[PDB]
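Cβ atoms come from the backbone with ideal geometry, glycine included; neighbour counts cover every protein chain shown. Each answer follows from the model by the rule given with it, or from the source it names; no laboratory read-out is quoted.
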Amino acid sequence: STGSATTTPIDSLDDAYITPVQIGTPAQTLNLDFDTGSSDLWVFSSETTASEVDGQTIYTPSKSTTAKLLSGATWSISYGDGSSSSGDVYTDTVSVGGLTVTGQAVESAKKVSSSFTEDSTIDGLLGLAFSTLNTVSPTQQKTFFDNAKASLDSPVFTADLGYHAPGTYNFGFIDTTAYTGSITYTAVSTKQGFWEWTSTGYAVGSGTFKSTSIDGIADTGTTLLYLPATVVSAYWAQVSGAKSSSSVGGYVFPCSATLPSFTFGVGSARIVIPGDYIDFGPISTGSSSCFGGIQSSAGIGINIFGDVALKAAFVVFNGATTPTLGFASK
């Protein structure tokens, strides 16, 4: 089997991407944030505290003839941005772009933190990291991809995120029309539960490539590119007036600037992030200070190849017995 679903930016900045997902019988379609950095499929629901729902579409398990309470199971997750959610668990039928999994754990939120409530466009998350990170207790549950894998034509999914435009998540096949050149594959460590790999270096604009190993994660659920302070300083030093602002929380730059591109290495191959992809717009409405799309990871503990990086490539998440990642230009 295969599936194919369009993923759409939630706003004019590409802050995140939503993909329609069918849950239950009859189908209830929710728009979920596919997140290769986490491993829980959770949704706003009829159980979510009413004051914490503000425009999201909810899953109502009592209206699904295929929903079953997973007795005793609870979940609770906290994300790198400080947001969080928690609740109980049902199993139900879940379909993405025509690919159906029966018995998928659907984690129903009883509580969500303010940032989730405040984002009316995201009805929940669909985790695509390794199932070892799933938070369901006392019996850990499998991701949608893990459950679908054996049925797929090939044990892979691909992320093709758009810049200010829709893109595609495919399951079970590699669309050879969706990228240019060849796909370069690179080793993955699953030891932390992430799609963790080592970039071979970087360049800023038309500058020379610096060969250096940068370990980080391919994370569709993180907006920006978080890299070591040395790399980020080298990037922003090429932008007149850019500075790191403690009050704003990262590098800012004059909105009048034209940003240089940023290149990262995948083996001997190179992915070029155009400068425009690094502009996240005014720090507050009407400001002429703009927020940078490349930021330091120094306070995180891990480098994160988020959407800024991934949307410059066609990315293969290869879930073969030994997982690997593939990157192509597009």
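Quick grid of which residues meet (1) hydroxyl-bearing (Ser, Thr, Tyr); (2) free of Cβ contacts under 8 Å to residues at least 12 places away in the same chain; (3) not in a loop (DSSP other than H, G, I, E, B):
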position	(1), (2), (3)
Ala73	no, no, yes
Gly82	no, no, no
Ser86	yes, no, yes
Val89	no, no, yes
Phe116	no, no, yes
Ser120	yes, no, no
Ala129	no, no, no
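Given the conditions (1) part of a strand (DSSP E or B); (2) in contact with a helix residue (DSSP H, G or I) (Cβ under 9 Å, 6 or more places away or on another chain), and given that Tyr169 satisfies all but one, which numbered condition is not satisfied?
Against the list (1) part of a strand (DSSP E or B); (2) in contact with a helix residue (DSSP H, G or I) (Cβ under 9 Å, 6 or more places away or on another chain), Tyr169 comes up short only on (2).
Suppose the filter is under 19 Å from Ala159 (Cβ atoms), among the β-branched types (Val, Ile, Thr) and not assigned by CATH to the domain that holds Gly319; does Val94 pass it?
Judged against the criteria, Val94 is a match.
Just to be sure I understand the filter: pairs with C-beta atoms under 7 Å, separated by 6 or more residues or on different chains, first member in region 268-287 and assigned by CATH to the domain that holds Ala187, second member in a helix (DSSP H, G or I). Which pairs pass?
Partner pairs satisfying both residue conditions: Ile273/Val308; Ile273/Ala309; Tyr277/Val308; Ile278/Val308.
So for region 196-213 (the condition being within 16 Å of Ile300 (Cα to Cα), part of a strand (DSSP E or B) and in contact with an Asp or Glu (Cβ under 9 Å, 6 or more places away or on another chain)), does at least one residue qualify?
The answer is yes, given that some residue of region 196-213 is within 16 Å of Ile300 (Cα to Cα), part of a strand (DSSP E or B) and in contact with an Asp or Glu (Cβ under 9 Å, 6 or more places away or on another chain).
Taking the conditions exactly as written (assigned by CATH to the domain that holds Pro228 and either surrounded by 17 or more Cβ atoms within 10 Å (Cβ to Cβ) or assigned to a helix (DSSP H, G or I) (or both)), does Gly241 satisfy them or not?
no
Report yes if some residue within region 214-234 is in contact with a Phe, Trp or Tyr (Cβ under 7 Å, 6 or more places away or on another chain), among the hydrophobic types (A, V, I, L, M, F, W, C) and assigned to a loop (DSSP other than H, G, I, E, B); otherwise report no.
Checked region 214-234: no residue is in contact with a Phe, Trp or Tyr (Cβ under 7 Å, 6 or more places away or on another chain), among the hydrophobic types (A, V, I, L, M, F, W, C) and assigned to a loop (DSSP other than H, G, I, E, B).
Only one residue in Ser51, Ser62 is out of contact with any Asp or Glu (no Cβ under 7 Å at 6 or more places or on another chain), assigned by CATH to the domain that holds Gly87 and closer than 21 Å to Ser120 by Cα, so which one is that?
Exactly one of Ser51, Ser62 is out of contact with any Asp or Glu (no Cβ under 7 Å at 6 or more places or on another chain), assigned by CATH to the domain that holds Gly87 and closer than 21 Å to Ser120 by Cα, namely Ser51.
From the list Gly72, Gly124, pick out the single residue that is at positive phi and surrounded by 21 or more Cβ atoms within 10 Å (Cβ to Cβ).
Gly124
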